[PDB]
C-alpha cells in the first residue's frame, strides 16, 4: 500500500531513521516491505533462530532438552538475569537457557547455547540449511551487537529474516510440538511490551523477539495472526538520534502502520 510506504517514509524523515520491514505470508510470499533487502544488524533478534536450531537438534535427537549445561561466573555478561539467578546451582538446562535467551534476551544464556552448538559458525550453517543465504552470525554476545556503521558481520535483511521466521513457524522446520512451544515462548516474551505488539490490535495473536544494538539499532521480529490470517514480520530500525524510549515508540508506530495496511487489505 501507498499509505504504508508514505507513512514509513514520513517516520524516517521526521525521526532521522531508517526502517526496514518485511511482511510475508506463511509460505514466504511478500505482503509488503520497506528497505526489505537492506542489511541491518540483527542484535538480539538472532536468539529466535538460535532457539529454532536448538529445537531442531532436540527434534532430531542430537540434543536433549533437559541436558544440564554447567557454567561458572565467566559466562555472565551484561544483561544475564536468568544466568545470574541459576549461577549458584551451577547449570541451566538446554531448554531453560533457550527460554531465557528468547523471553528475557539473556545474553549469558545465549552464549551458553553457542558454546554447545559450535559457536557462530554453527548458527550461520543453520540459516543456510533452512534456505536463508543472507543472515549471518559472526560473533557472540556482546560484540555481535556493536553495529558499526557499514559492517556486514552479524546482519540480516528484513525479507530474509521474515522468510526465516515463516519457515520456522509455518514451513515445517520443526515438529508440531516444538513449533507450538517456540510460538508460546514468543507470545510470552517479556521484552516486547512497548515495541511492535504495542502497535497491533489487542485481539491479534502476536509473538516476537526484540533486539537492541549500539548506534541506534532497535528491532523486533515475529508473527501475528489477524483473525484467521497468519503473517511473519521482521522490523529493523536505525535511529541514532532518538532516545531509547523514542526508539520503542518508533517500532510501535511501525506496528500501527502495518495494522492499517492489514486492516485495509481485507
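Positions refer to the first chain, counted from 1.
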property	result
Of 225-233 and 38-46, the stretch whose C-alpha atoms average the higher B-factor in the entry	225-233
Higher-B stretch (mean Cα B-factor, as the entry records it), 181-189 or 117-125	117-125
Member of 68, 241, 209, 218 with the greatest C-alpha B factor (per the PDB record)	241
From 164, 110, 156, 133, residue of greatest CA B-factor	133
Modelled-residue ranking by C-alpha temperature factor, third containing residue 147	middle
Among modelled residues of the same chain, the CA temperature factor third for residue 22	lowest
Within-chain third of residue 79 by Cα B-factor, per the entry	middle
Lowest, middle or highest third - CA B-factor, residue 195	middle
CA B-factor placement of residue 94, once the chain's modelled residues are sorted into thirds	lowest
